[PDB]
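Student: The structure is given below, and queries will be raised subsequently.
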Amino acid sequence: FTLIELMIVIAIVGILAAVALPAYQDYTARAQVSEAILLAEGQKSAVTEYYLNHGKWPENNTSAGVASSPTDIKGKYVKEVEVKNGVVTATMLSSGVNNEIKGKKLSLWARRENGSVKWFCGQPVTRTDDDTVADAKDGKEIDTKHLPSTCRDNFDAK
Amino acid sequence: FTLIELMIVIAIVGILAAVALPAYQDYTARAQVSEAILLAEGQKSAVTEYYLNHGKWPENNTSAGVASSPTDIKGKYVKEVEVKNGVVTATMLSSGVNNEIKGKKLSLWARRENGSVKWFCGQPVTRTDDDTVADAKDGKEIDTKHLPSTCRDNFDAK
Amino acid sequence: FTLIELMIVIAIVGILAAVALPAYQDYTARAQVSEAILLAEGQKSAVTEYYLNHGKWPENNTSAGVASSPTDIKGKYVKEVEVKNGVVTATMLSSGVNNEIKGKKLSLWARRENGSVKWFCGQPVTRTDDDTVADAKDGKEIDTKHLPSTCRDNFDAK
Amino acid sequence: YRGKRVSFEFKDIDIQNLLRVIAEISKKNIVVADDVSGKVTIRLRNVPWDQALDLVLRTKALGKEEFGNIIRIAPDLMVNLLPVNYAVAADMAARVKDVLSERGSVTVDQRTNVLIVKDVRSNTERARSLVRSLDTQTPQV
């Protein structure tokens with residue numbers, strides 16, 4: 001006979017949350033990845049200096065002169081950050097993150113410019129030789145959709 | 001004989017407002033607290049620098065190099081922001097806020113990482129020693145329900 | 001009869017993006033220009049030394065002792081950086097930038113202080129004599145709105 | 001877009017008249033639509049006409065389309081030729097574009113490295129002072 005204004009408006013806010021759910025869920029993940037990136041950076045300094053001073057990429061965190069323990073460079077969504085031959089990889093925690101990005105990671109690596117180096121940011125990579133890295137293809141890479149426009153670099157970016 | 005469509009639909013919008021009342025009232029409070037947090041932050045800079053440059057936490061706002069007057073770091077819902085030995089506490093005004101959060105506050109404190117510091121955000125805390133704080137247990141802490149997921153830190157968080 | 005909460009809130013986020021569109025679009029461009037500036041600088045060193053050691057401004061990159069190829073001093077938003085008689089100009093790429101700043105550039109030039117030099121930063125300029133430059137007026141100049149407060153120098157700044 | 005040199009002096013005349021006059025001088029056979037615009041004032045010296053035309057278009061007047069024999073046109077200030085002896089005309093283009101902004105006035109680059117300006121006298125004066133001033137650091141070879 002009457003009461004449909006309360007019933008529809010409680011059911012439009014319910015469906016509004018369902019529509020606002022995936023937007024907040026990638027905005028959210030995309031936000032938790034933007035930090036793995038900040039934790040990865042700032043460690044470029046150590047790595048850059050080590051390379052320019054010696055001409056060899058730092059083998060591990062201790063070589064680069066950073067928390068000798070990967071797990072000591074963690075965060076809220078970051079379970080750690082390891083330096084492996086100049087390549088700095090950041091791992092996403094398992095608690096406090098999206099759902100399709102946890103335990104997932106990215107890498108920052110550089111290239112000899114000769115007198116200086118240039119840095120790249122993208123999906124996990126392994127270093128082959130002092131001037132070549134390759135996709136750490138394995139299945140734990142953070143999905144392209146979660147990576148900034150500034151971190152879409154490919155293993156062979158120059 | 002007839003007119004019930006006008007009577008029920010005026011009474012479903014009335015009850016719709018009553019159901020939408022508590023949702024807007026915590027969404028609202030949760031919004032007024034999210035600012036106390038923004039006002040608390042951005043003062044991390046001063047505090048961080050003071051600590052790294054001297055190795056001692058800033059005793060008060062003036063030491064940290066900020067509005068020497070706590071009341072000078074207020075807002076719409078924020079009655080102020082005081083720095084007490086590196087701990088930055090934000091107080092909720094008494095006018096313009098929820099009802100169960102006014103005159104209530106939170107704290108931001110940091111910890112020596114050695115070469116850098118890490119910040120925490122949560123319910124009011126007091127600093128004991130340069131690397132230890134404790135619950136400013138007293139009854140004026142902003143209720144957990146009003147605090148973001150990013151500001152649920154405990155006095156002993158590391 | 002009911003569902004307007006979902007319809008309005010999907011249409012307020014839509015218009016919120018439209019209002020947040022121009023803010024992120026000049027904040028963004030202003031960010032891509034701040035780098036053309038960083039790429040331009042750090043090349044002041046070469047140019048300064050060349051001038052103080054010889055009393056003549058470096059004619060080109062090779063003279064200044066930098067990547068003999070302008071295109072070798074590029075970036076993400078920077079298509080290059082050329083040294084033309086001590087004046088260092090930075091060109092904005094065509095891909096990855098705003099829209100009203102691509103292919104656009106700025107210049108850094110210096111002036112003999114006698115025993116040292118002082119640097120300026122602003123819209124493109126050409127060098128006339130060893131102590132005088134002019135507006136590289138091209139209509140290719142990066143618009144004043146996109147330039148930092150520290151890079152508003154005029155051709156005759158002293 | 002090449003012609004004899006001329007001086008255009010038009011004191012409050014229909015662009016249709018300037019057009020016809022321009023056809024009576026063998027600068028094509030020019031024909032407008034009917035109602036193109038109205039009346040304009042310009043005063044040029046030493047300008048080939050086909051240019052004084054492009055320049056008339058920009059004042060108030062129309063754009064031109066040529067059939068070949070006939071041309072259809074559809075809906076003081078002065079002109080002065082600046083010689084550029086020392087510099088290339090294109091190097092001025094950045095600075096000259098920057099005075100104009102959203103003003104009226106224009107600059108035309110002829111092939112023989114001469115600039116031509118239509119505008120108000122006050123915008124002509126500015127453009128000349130800059131063109132000559134930048135030419136002058138170029139003469140010290």
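In the structure tokens, chains take letters A, B, ... by order of appearance, with residues numbered from 1 within each chain and ligands from 1 in the order shown.
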Taking the DSSP assignment computed from this structure's backbone, write out as a VMD selection string all residues of stretch 16-129 of chain D that belong to strand (DSSP E).
Tutor: chain D and resid 29 to 32 39 to 44 47 to 48 63 to 66 70 to 74 77 to 83 106 to 110 114 to 120
Student: Determine which residues of chain C sit within 10 Å of chain A, taking into account only C-alpha atoms, and present them as an MDAnalysis selection string.
Tutor: chainID C and resid 1:10 13 72 75:76 96
Student: Since we have the selection now, will you write its residues out, keeping C-alpha atoms, as a tab-separated table (two decimals), in the first residue's frame?
Tutor:
chain	number	residue	atom	x	y	z
C	1	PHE	CA	9.68	4.86	-6.47
C	2	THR	CA	13.11	4.28	-4.85
C	3	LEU	CA	16.60	3.87	-6.28
C	4	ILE	CA	18.30	7.28	-6.51
C	5	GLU	CA	21.14	6.86	-3.98
C	6	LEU	CA	23.03	4.54	-6.35
C	7	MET	CA	22.25	6.74	-9.37
C	8	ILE	CA	23.35	10.06	-7.83
C	9	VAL	CA	26.47	8.68	-6.09
C	10	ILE	CA	27.66	7.08	-9.36
C	13	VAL	CA	31.97	10.36	-8.64
C	72	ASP	CA	71.46	11.28	-25.77
C	75	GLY	CA	64.22	11.43	-20.60
C	76	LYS	CA	60.65	10.22	-20.16
C	96	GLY	CA	54.01	10.56	-22.27
Student: Tell me, in Å to one decimal, how far atom CA of residue D:92 is from atom CA of residue C:137.
Tutor: 6.9 Å
Student: Which polymer residues have any atom within 9 Å of an atom of stretch 24-38 of chain D, counting only C-alpha atoms, with same-chain residues fewer than 5 positions away left out, as a VMD selection string?
Tutor: chain D and resid 3 to 4 13 to 16 19 49 to 50 60 to 62 64 66 68 to 75
Student: Taking only C-alpha atoms into account, report as a compact mmCIF listing (two decimals) with C-alpha atoms, in the first residue's frame which residues of chain D lie within 9 Å of chain C.
Tutor:
# COMPACT_ATOMS: atom_id res chain seq x y z
CA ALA D 90 62.12 31.80 -39.00
CA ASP D 91 64.33 32.46 -35.89
CA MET D 92 62.21 35.57 -35.19
CA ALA D 93 58.98 33.46 -35.34
CA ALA D 94 59.08 32.40 -31.64
CA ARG D 95 59.45 36.02 -30.33
CA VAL D 96 57.10 37.58 -32.91
CA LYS D 97 54.37 34.97 -32.11
CA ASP D 98 54.87 35.84 -28.43
CA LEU D 134 67.53 40.94 -33.12
CA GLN D 137 73.19 41.46 -32.92
CA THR D 138 73.40 39.44 -36.19
Student: Among stretch 33-130 of chain C, which ones does DSSP place in alpha helix (DSSP H), written as a PyMOL selection string?
Tutor: chain C and resi 33-40+44-54+61-64
Student: Quick one: write out the picked residues with C-alpha atoms as a short mmCIF file (atom, residue, chain, number, x, y, z; two decimals), in the first residue's frame?
Tutor:
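Result file is result_4.cif:
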data_model
loop_
_atom_site.label_atom_id
_atom_site.label_comp_id
_atom_site.auth_asym_id
_atom_site.auth_seq_id
_atom_site.Cartn_x
_atom_site.Cartn_y
_atom_site.Cartn_z
CA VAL C 33 58.34 20.14 -16.79
CA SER C 34 60.05 20.03 -13.41
CA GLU C 35 62.12 17.23 -14.90
CA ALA C 36 63.02 18.90 -18.14
CA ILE C 37 64.52 21.35 -15.68
CA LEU C 38 66.45 18.67 -13.79
CA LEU C 39 67.77 17.25 -17.03
CA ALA C 40 68.78 20.73 -18.13
CA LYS C 44 75.52 23.56 -15.73
CA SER C 45 78.71 22.07 -14.33
CA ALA C 46 80.17 21.27 -17.72
CA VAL C 47 79.12 24.63 -19.12
CA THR C 48 80.34 26.60 -16.10
CA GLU C 49 83.72 24.95 -16.10
CA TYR C 50 84.12 25.36 -19.85
CA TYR C 51 83.39 29.08 -19.54
CA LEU C 52 85.61 29.79 -16.49
CA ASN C 53 88.50 27.76 -17.93
CA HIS C 54 88.35 29.34 -21.40
CA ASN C 61 77.35 19.51 -26.20
CA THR C 62 80.67 18.06 -27.33
CA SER C 63 82.44 21.30 -26.51
CA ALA C 64 80.85 21.25 -23.06
#
Student: To one decimal place in Å, what is the distance between atom CA of residue B:158 and atom CA of residue A:30?
Tutor: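 So the answer is 25.2 Å.
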Student: Just how far from atom CA of residue C:29 is atom CA of residue C:86, in Å to one decimal?
Tutor: 26.6 Å
Student: Nearest to residue D:118 among D:20, D:11, D:2, D:45, with distances taken over only C-alpha atoms: which residue is it?
Tutor: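 Closest to residue D:118, using only C-alpha atoms: D:45.
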Student: Tell me, as a list in words, which residues lie within 9 Å of residue B:147, counting only C-alpha atoms; anything in the same chain fewer than 4 positions away does not count.
Tutor: residues 30, 33, 34, 106, 122, 123, 142, 143, 151 and 152 of chain B
